[PDB]
Amino acid sequence: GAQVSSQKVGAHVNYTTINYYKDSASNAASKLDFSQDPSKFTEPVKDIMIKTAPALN
Amino acid sequence: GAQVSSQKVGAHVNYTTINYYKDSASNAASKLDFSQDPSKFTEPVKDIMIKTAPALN
Amino acid sequence: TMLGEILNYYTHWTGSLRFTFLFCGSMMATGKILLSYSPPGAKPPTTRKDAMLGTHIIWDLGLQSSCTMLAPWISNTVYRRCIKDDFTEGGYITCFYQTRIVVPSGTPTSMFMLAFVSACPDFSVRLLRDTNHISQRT
Amino acid sequence: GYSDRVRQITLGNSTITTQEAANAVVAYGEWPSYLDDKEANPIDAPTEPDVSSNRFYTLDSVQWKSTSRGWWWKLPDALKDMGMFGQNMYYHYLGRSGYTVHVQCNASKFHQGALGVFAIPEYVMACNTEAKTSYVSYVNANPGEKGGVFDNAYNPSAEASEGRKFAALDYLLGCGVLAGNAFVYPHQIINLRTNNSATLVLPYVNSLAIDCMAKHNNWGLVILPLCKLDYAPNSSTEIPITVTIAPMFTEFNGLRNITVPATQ
Amino acid sequence: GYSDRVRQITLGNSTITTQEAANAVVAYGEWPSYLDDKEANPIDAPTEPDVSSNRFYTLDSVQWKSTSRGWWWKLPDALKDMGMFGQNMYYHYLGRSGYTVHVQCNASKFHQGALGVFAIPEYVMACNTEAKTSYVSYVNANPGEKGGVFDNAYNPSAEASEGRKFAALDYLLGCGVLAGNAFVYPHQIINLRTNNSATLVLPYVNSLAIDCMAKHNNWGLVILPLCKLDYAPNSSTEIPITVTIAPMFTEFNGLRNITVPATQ
Amino acid sequence: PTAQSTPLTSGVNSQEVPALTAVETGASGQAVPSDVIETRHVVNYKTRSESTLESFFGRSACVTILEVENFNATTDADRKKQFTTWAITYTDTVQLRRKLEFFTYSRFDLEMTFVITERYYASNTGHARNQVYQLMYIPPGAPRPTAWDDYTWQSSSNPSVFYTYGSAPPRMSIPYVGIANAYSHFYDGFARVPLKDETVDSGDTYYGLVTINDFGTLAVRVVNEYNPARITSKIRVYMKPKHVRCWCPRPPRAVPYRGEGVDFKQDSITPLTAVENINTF
Amino acid sequence: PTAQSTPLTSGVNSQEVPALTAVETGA
Ligand SMILES: CC(=O)N[C@H]1[C@H]([C@H](O)[C@H](O)CO)O[C@@](O)(C(=O)O)C[C@@H]1O
Ligand SMILES: [Ca+2]
Ligand SMILES: [Ca+2]
Ligand SMILES: [Ca+2]
Ligand SMILES: [Ca+2]
Ligand SMILES: [Ca+2]
Ligand SMILES: [Cl-]
Ligand SMILES: [Cl-]
Ligand SMILES: [Cl-]
Ligand SMILES: [Cl-]
Ligand SMILES: [Cl-]
Ligand SMILES: [Cl-]
Ligand SMILES: [Cl-]
Ligand SMILES: [Mg+2]
Ligand SMILES: [Mg+2]
């Protein structure tokens, strides 16, 4: 049950993880999650706004 | 002889076990056993009782 | 109670509670009894007309000796705490004569019922802890 | 196992049991239902409060004695201050409802007596002055959950202003017809040797799809002692009669501010 | 023909129009909805009052003047005495609701000023005594439709019993953060030269599927003058701000007798 | 996944006007440099790895300092120094708290680590054998100790850790234990509804999260009996949220805290230093 | 394996009476 994953690159490439404990709470940090959707905060508008168009028409 | 099993889920998935000792008494906790039969204590009656029917007929 | 004792080894509980009542008067005694569960946040019921606005059952005394009232799981939190706690308060269980107990002559005019509690199959507990029900001198 | 005597009724968060029933009546053979599009009238989307209001409400109990002449209630009047049903009723111009009526009266195998339990559409009753006709005040016509009682005497008032209440004369059913014929209305009998409850399921009944609940009662509920209560060890004994009623398939139209009727 | 400035909103028997809007906000990009079976908690069949309660209620108007520091309300508190919504709220232990918030403020092409309109989840505010912490009375926390006002000064009470109200200090948003950062919350601006209304559609937001409405406000509504009202012919002029709010997808559990909160 | 690369663009003369918008809508400005200048192509290989929530919170932070002692106690006050109890919270300190309070709700598992230190109280009272510590987690409802050697420390069900002085800092993981579907960092409400004409006191009741939160108690003792030399100890408690999710962002705390709530202090509500002029570079 | 889920149910008017029993049976 060894997991082999890419390392974060350094100055100049994989690493291995085995979980030793029966509870997921014991696990090391979650893997990098690059998900994002800024628009739910930066543009939470009902009607689509096209940048190149007038905001108010 | 590595055993790979599901972890108990946390806030947000497998783990590995190898037994190091020749006696099972040395082993870690038994795996979760969800078996149950409450009726041997809550309904130990000779004749079947259907809930929707009268208990005494 | 057995349920109470088990709950005091845990910090959190969830699910429905079953209250079963056994009438132990004479066979000649009749009656109707209202059993109510009122979820929290309002005036605790002290009259039948308030109690009957909550979850309730009208129990007719008869050949079937026992009646089960449920306190269904109705909670804001997913678990309640196994301590006295305003935030996870569970509400109010009450009981009133719906009609009255009636007996003929030559029959006891006072009698008893027994109340039982148990957990339903939707019930579970979490977070093992020591109980406050046992101790010793040191 | 199953029996005509043993019944459970659940509506909303409320359940009734009885172990000495006598079947149940469905008035005119028709279960209540919602109003179909092909029979609808007001066009606003209706409120259908469902479990908040369609549930058993238990009225104040009354006492049956050897001298009792009977009791009456009107519907939806009797439930006008019952929880969310009352609120929905008064916040809307229009409402319709069916009902499960459950009348409860237990005694012992040594008591005797029989109650006629009747559900009467448009239960119009006589007034108590002969100086006027149809002269009843709103307040006296709509007593709420306390209902009213019948009498075995008719004593109309000397002055018109004092007789603005019903002349609820028992043997004329308070309305100029013989009480022995009340059985043409949906009914059961609670005969103490046989049963301790009556159950009547009522559809909405009216000449309209929906109407003003605060103006108009669709049903009367009448309980008449057909055979007087008797109990040999104490002829002055009293046993309770308890009335529990659930609205069913309630539907309301014409929302606005709340109706607050006159109280005097 | 269609325009970001012209909008109609209909809920129940109520409709709003605006001809000088600026789009509309859907908080966190999520429209309100009913509670799914896979996320449910209380097991009783819920009441879903629909059109009786999910409709626009207009609060008492407030007056914007050159000296106003701002206004706040909490939700569902502001609507607790609004028609059938209020009744459903208080007859049940549990409730959830989304909202359409419509803030209205018109002036003229010669007036100027800008209001920030913010919807804040868990809008916890500071108390007004330094002898205690978190020391606010239920009555002061829950003013209802009148809401409260901000101030530009903080004067905590000499005695703890006198400071059991919010210290609604404008530039700290009444809670120890800088008001200039309130834009991280769902918001619009009513800038008088551009628009005369703000519209925010809010889903239910909480760490639970459903909660006790009488104990817990899910949203704060804050209106802050970002640029002061000015009008050259009369600097002491006042223009109304009117707040109109519709509950949406309301759902209630745990019916019993009515909650009547303390008033003093 | 990388941050945004910049495309090669020249100029425009157009009815397309990305430089203008209307923030009244509730939308932030959206325009980027290619919209308002001539840009070269720049490939952006840089990532936002270190600002993910896991990265932002991926540190053990000190949340409190506890004290315990071991000596021959002859008074009630000195007996109470032989053990300590602490209501578990992140509000004794400010740094982790402020980071968490960028958000309204969170869900995470916890890594707890402890740093335990000692010193001699005096030098004329001989020495002290190496000490073992017990740190017992007492969930709400479990009995709390009234003495360092009472029955509660047998800890049949409560989790305890026994730590030997000089060994590696002890450490354990705690699951997400909230009774709601997330932790609330802010709660705009009360624990109960006060009702019309009730006799219950309404003059000394509190507001917010403090009225509803209870994560139990940490109890700490030295397991050893007393030496002639009095030893005083500090236990620093560290928390690291892991497997983190958060919801509903908030402006960060701008002025000093003065307790467990959002209250502020009259002498400390002026965070900005005034500039000389609006035109000061 | 989980604890019991709750099914969608409405009301009844029935000779089926699950609310009554007889605990004399030992159940
Ligand atoms: C905590 C503290 O300050 N302890 C100091 C003690 C105590 O004050 C007295 O011994 C109490 O009687 O005095 C010293 O001179 C000592 O004993 O060597 C230095 C030591 O650091
Ligand atoms: Ca544009
Ligand atoms: Ca049965
Ligand atoms: Ca409905
Ligand atoms: Ca360009
Ligand atoms: Ca890139
Ligand atoms: Cl009434
Ligand atoms: Cl009046
Ligand atoms: Cl109000
Ligand atoms: Cl009061
Ligand atoms: Cl011990
Ligand atoms: Cl020792
Ligand atoms: Cl400067
Ligand atoms: Mg009443
Ligand atoms: Mg009002």
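Per chain, numbering begins at 1; letters A, B, ... match sequence-line order. Heavy atoms only: backbone and side chains are in, while hydrogens, waters and symmetry mates are out. Order of appearance sets the numbers: ligands from 1, and atoms from 1 within every ligand.
Atom CZ of C:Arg18 has more than 12 heavy atoms from other residues, nucleotides or ligands within 6.0 Å.
In this structure, F:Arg192 forms no cation-pi arrangement with F:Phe190, as its terminal cationic atom is not both closer than 6.0 Å to the ring centre and no more than 45° off the ring axis.
For the Ca ion (ligand 3), the set of nearby N, O or S atoms under 3.0 Å includes one belonging to G:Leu20. Residue contacts to the Ca ion (ligand 3): B:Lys51 brings an N, O or S atom closer than 3.0 Å. With a cut-off of 3.0 Å, the Ca ion (ligand 3) has no N, O or S atom of B:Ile50 in range.
Vertex the Ca ion (ligand 5); arms to F:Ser34 O and F:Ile37 O; angle rounded to 10 degrees, 90°. The O atom of F:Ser10, the Ca ion (ligand 5) and the OG1 atom of F:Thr9 define an angle of 90° (nearest 10 degrees).
E:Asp44 places no side-chain N or O within 3.5 Å of a backbone atom of E:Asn253 that could act as its donor or acceptor partner. Of the possible polar contacts, one joining the D:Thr259 side chain to the D:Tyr90 backbone as a donor-acceptor pair under 3.5 Å is found.
Residue E:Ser52 comes nearest to E:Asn88 through the heavy atom pair OG-ND2, 4.2 Å, listed as atom of the first residue, atom of the second, then distance.
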